[PDB]
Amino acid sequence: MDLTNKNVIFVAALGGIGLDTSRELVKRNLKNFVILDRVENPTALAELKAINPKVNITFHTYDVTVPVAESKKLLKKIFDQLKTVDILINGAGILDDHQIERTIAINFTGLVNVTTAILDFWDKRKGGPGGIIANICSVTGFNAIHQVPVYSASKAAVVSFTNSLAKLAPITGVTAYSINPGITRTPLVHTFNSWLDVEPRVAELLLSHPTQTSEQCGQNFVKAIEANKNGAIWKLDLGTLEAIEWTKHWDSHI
């Protein structure tokens, strides 16, 4: 994948991992870089624009928990302007096992819904050109932080969902891969809530082990995007980039 001249939508581009990934993305000569995130960040937006004046950077206020109809409407506006979108990159995520419904709504349901919405424009069965989806999942989707069982379960859901998207590519025209960071120093893991307060010191304990910086994660993230491998399960841990092999425990035969 050559990012020169591509159009990219990045949901949650201005978070910890998001901003460092965006800093790296705009170093490529993208045609359009469209940011979809909850809250504006003027400072971050100005910096990205400064990194590469050749890229047209736009921002839209966006919340993944809205109905699928509301997402399509935003996407229509974007596709109407750009005519083509090359990549959708999802990053939306919260870590707070006190908020059960909201964790599931954001990390799992919202991702499925944005995907379902963009399929309206990309599905080759509806006359679409196909597309690429990069989903930020998490190593916790392979093996949980059992102290945040709901967060970890929402991530196991999206690793699975992404794996299925990739297997559906020959039908839909939409390829997909997961981006699964290991522990990364951002405001996500600085202070957080465990389920039923099973471990009030969870953040302190987690961060008392090796971590990577969001800078290292961002670098490997854009590397994974350029590799552009349908069905890849990328592990971005301790500053390395590594594809993992999913174990075959069962098969539907279809």
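Start at 1 with the first residue shown and count on from there.
- Across the two stretches, 233-241 and 9-17, the PDB entry reports the greater mean Cα temperature factor for 233-241.
- The mean C-alpha temperature factor is higher for 207-215 when 207-215 and 193-201 are set side by side.
- When the modelled residues of the chain are ordered by C-alpha B-factor, residue 80 sits in the highest third.
- For residue 72, the recorded CA B-factor ranks within the highest third of the chain. Only modelled residues enter the ranking.
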